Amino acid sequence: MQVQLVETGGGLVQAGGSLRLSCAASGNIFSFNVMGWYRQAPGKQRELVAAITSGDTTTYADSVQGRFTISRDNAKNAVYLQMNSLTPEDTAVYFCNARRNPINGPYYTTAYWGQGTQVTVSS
């Protein structure tokens, strides 16, 4: 089975506004150790925004703490990012990521990425 992540919810927001991103996965997500959101702004490398374990423990980059909330629904195969108090510093393509790791043997990570969704915050 081909499991794919598809992000939706991007668009233009005025500075100070809010936006909610969603990612639908085409297969079960229970066994992803971590799911999260990264963003890639012009001329910049991709960076972590927020992540969540299967048991709902969350973490956030310093620059979004208090403003963004990540959540996960294993039963609906979905992850979400609620973004408040947006500024032009948040303009970027946002990507959803899934990570699977083994419980025996040498470390590795199987990673999945969506195609990304554009968020533009006007000044």
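Residue numbers run from 1 along the displayed sequence.
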Higher-scoring stretch by recorded Cα B factor average, 46-54 or 60-68: 60-68
Stretch exceeding the other in mean C-alpha B-factor - 32-40, 85-93: 85-93
Chain thirds of CA B-factor: placement of residue 14: highest
Record-listed C-alpha B factor of residue 6: chain third: middle
Chain third (lowest, middle, highest) by recorded CA B-factor, residue given as residue 109: middle
